[PDB]
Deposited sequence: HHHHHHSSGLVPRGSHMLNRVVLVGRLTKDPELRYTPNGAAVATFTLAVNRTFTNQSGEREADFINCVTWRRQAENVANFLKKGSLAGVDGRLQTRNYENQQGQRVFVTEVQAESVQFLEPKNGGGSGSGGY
């Protein structure tokens, strides 16, 4: 089924890079997309080489554009309430700089 997202925002913090147990790179960051002035804070996830590149070139405030899909996943917080997360599985990231 069709599922496509395209965003252009500024990173709110430095991209946070980590590695899975079996070595897969995982870069995460939060784009602040200006509204059509407030903005929306969307969370994005990157994998493998695209994640390592996000780490070496993006930082707080950098302008960037993502292209991916919307994901959801259940979560149980310390307060007990079940939370719904929505992320952007960015398959491509353009550095606008």
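>> Let me make sure I understand the coverage. Which parts of the deposited sequence, in order from the N-terminal end, have no C-alpha coordinates here?
In response: In sequence order, the gaps with no modelled C-alpha are 1-16, 53-59, 121-132.
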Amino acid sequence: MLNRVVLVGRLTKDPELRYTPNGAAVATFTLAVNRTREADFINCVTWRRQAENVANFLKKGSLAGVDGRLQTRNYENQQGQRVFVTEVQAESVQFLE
From here on, numbers count along this sequence of modelled residues.
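> For the stretches 17-25 and 72-80, which has the higher mean C-alpha B-factor as given in the deposited record?
Replying inline: Result of the comparison: 72-80.
> Which of these has the highest Cα B-factor in the record: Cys44, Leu63, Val33, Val54?
Replying inline: That would be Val33, according to the entry.
>> Among the modelled residues of this chain, does the Cα B factor of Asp67 put it in the lowest, middle or highest third?
In response: According to the entry, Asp67 has a C-alpha B-factor in the chain's lowest third.
> C-alpha B factor of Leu7, ranked within the chain: lowest, middle or highest third?
Replying inline: Lowest third - that is where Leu7 ends up once the chain's C-alpha B-factors are sorted.
> Within this chain, which third does the Cα B-factor at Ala90 fall in: lowest, middle or highest?
Replying inline: As the PDB entry reports it, the C-alpha B-factor of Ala90 lands in the lowest third of its chain.
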